[PDB]
Amino acid sequence: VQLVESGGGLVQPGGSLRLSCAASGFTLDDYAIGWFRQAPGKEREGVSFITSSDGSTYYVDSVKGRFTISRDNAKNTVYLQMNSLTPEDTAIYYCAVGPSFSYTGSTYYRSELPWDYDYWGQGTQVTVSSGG
Amino acid sequence: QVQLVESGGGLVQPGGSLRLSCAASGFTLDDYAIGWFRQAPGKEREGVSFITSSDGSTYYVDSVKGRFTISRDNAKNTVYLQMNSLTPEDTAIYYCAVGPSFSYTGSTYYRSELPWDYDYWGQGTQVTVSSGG
Amino acid sequence: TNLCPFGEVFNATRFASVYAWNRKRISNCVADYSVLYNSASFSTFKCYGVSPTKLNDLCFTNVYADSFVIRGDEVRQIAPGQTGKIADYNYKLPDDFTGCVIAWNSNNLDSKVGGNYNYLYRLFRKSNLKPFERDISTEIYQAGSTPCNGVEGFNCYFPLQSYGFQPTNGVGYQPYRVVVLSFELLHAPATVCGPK
Amino acid sequence: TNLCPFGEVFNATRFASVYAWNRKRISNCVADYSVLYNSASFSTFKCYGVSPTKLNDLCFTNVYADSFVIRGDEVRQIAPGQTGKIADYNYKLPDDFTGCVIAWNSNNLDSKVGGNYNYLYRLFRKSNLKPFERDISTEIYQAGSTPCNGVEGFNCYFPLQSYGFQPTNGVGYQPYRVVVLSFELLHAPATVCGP
């Protein structure tokens, strides 16, 4: 299982940025995908998750509304759309493959803990600075 | 299976002497490189004392140099870390790491201050040094 | 319309230790599941064999709630078909398990400056625990050939191990309160059902 | 008594990136190994197939020093018979390797408030690198069936990946300067020897 992250970069406050996590070697729909945010010197914190294979999504209160996570089966890529970005959202973002719904009995799976998710991908830095 | 059991630890007065014993089971202590690690609350584990070579050569970090002595007992299959002149700054959780085997690899001298390098880990034992109590 | 006492289980001042987890059987009440899945307080929500939206329609004979406090790393261990020290010797979940495991961070409530060592977990046990089995016996663990004879000694260790639970501890080491919901329909009558 | 230029290798203002590691061949000098193992500055010191005390007596035809900066987690990867992304696609160590790998923390030197993105590592490569082989080519990596054709696109990614290297980053993410010493006696004359 290989995860490739795309997007990220310097953004002005209030900017809209889209992050794409490539999926290879597994079916995206079966697994539960959770996006994680890591602040410098801090543990990774979950922001948006694919709770169910049906496509139900849960957003943390901090990122609720502003952040929308979408899954494209045809391209086998999961897209996280970030809007109204703020300086507090400057951190490294990760995508987690998670447990497979089909293999396990799980119907709803969401976790904010990095250890729970089975697989990890390289981080992509997203920086929002008013000064530049 | 490799199992590590830690012994000792507790409240100590400043300048107190405490001995920490890490039990070893399922492997030969001499072959592997044993490194003691100290974890401060909210901080990554930091190596303090290590068994660099199978011969028994030991390396101590400058902070713990002299005060901390690490000894290996083959007969009891336990590695002992002796701590002397303890200070409040030494209040942290202490771990013992099995490390890579010298015989299996080509390593003759092995020491690392990074937790990831060491192959195996054992449960931590809290050591607290407080002047107040 | 007598609501099931979910708040009592979730909003409990005292939670049992991992080694002796507290089980509460809930029945003969109209269970409200909406509050559980509509609340963002819970850090981790996992449902196995059941769907949270579907829970309201479904009727279950009995519901079992298991309450314990564990480290952040240990939260992963408590799942069906997952191997961990906590799973092996403290709390065991059946592979064929229907229910939802809910975990939320309790760092502020269960961490003090000295550290909360009241919570204990069974580091050593003779055999892996069978599913939904609780071991509370405090007997010195024997590892070497020599008999412990009830006295602490070399190669003999007390099973229970304290949790540091400092406030400044990292998220992995921070205390996490976990409530595990088990839904059983084996009994012929159905009582809890849901909200109508 | 012309000492070998160990200080130049270890005390170097600029260190090469992981993908294009810098190799320096040292010979025809009296190498002093005592300073390396008598210094507590190095966080990690590993010797494979050689003993640091015995190094002074031993004579080697050539010594190769490899300098690169890696993350704290990646330090574990660079070892004989160890599998990692850095090992697989950036720097590869032979299983039958004689030498010492030395790593020390360089957080203060190589971290700036904005972050030092100059250092790069090869995230994607077609095949695992053979031991002591350096790949510097910057060609777009192809993963899907569709040809990249030299243009960045979906399923086509630039191999090099920047390192955040922030000052506040954790010890695992902090930059670590690593010097790998390779001792070769295959050549018939012995030059470096010791003190």
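Quick rundown of the values:
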{"read-out": "Neighbour-count order for D:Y19, D:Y91, D:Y157, fewest beta carbons within 10 angstrom listed first", "value": "D:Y157, D:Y19, D:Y91"}
{"read-out": "Chain B: relative contact order in percent, alpha carbon pairs under 8 Å with at least 6 residues between", "value": "35"}
{"read-out": "Using θ = phi - 60° and Karplus 6.51 cos²θ - 1.76 cosθ + 1.60, couplings along the range D:76-85 (whole Hz; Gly, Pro as x)", "value": "4, 4, 7, 7, x, x, 10, 9, x, 4"}
{"read-out": "The range D:6-184, relative contact order [Cα under 8 Å, separation at least 6], %", "value": "32"}
{"read-out": "Local electrostatic count at D:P5 - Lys and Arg +1, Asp and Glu -1, tallied over other residues with Cβ under 13 Å", "value": "0"}
{"read-out": "Placed amide H near B:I70: partners under 5 Å, 5+ positions off or other chain", "value": "B:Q82"}
{"read-out": "For the range A:23-40, Karplus couplings with θ = phi - 60° (6.51, -1.76, 1.60), whole Hz, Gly/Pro x", "value": "10, 9, x, 7, 8, 5, 4, 5, 7, 9, 9, x, 7, 10, 10, 10, 7, x"}
{"read-out": "Kirkwood hydrodynamic radius of the range A:1-81, Cα pairs, Å", "value": "13.5"}
{"read-out": "Kirkwood hydrodynamic radius of the range D:6-184, from inverse mean 1/r over distinct Cα pairs, in Å", "value": "17.4"}
{"read-out": "Distant-in-sequence amide H partners of C:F68 (H built 1.01 Å from N, under 5 Å)", "value": "C:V178"}
{"read-out": "Amide hydrogen neighbours beyond the local backbone of B:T58, cut-off 5 Å, H modeled", "value": "B:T52"}
{"read-out": "Anchor A:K42: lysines whose Cα lies under 29 Å away (excluding residues fewer than 8 positions away in-chain)", "value": "A:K64, B:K43, C:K46, C:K85, C:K112, D:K85, D:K112"}
{"read-out": "Residue order, fewest to most surrounding Cβ atoms within 10 angstrom, among A:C95, C:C47", "value": "C:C47, A:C95"}
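When we count neighbours, we look across all protein chains shown, and the Cβ atoms used for this are built from the backbone with ideal geometry, even at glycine. Every read-out reported here was derived from the displayed coordinates using simple, explicitly stated rules and does not represent laboratory data.
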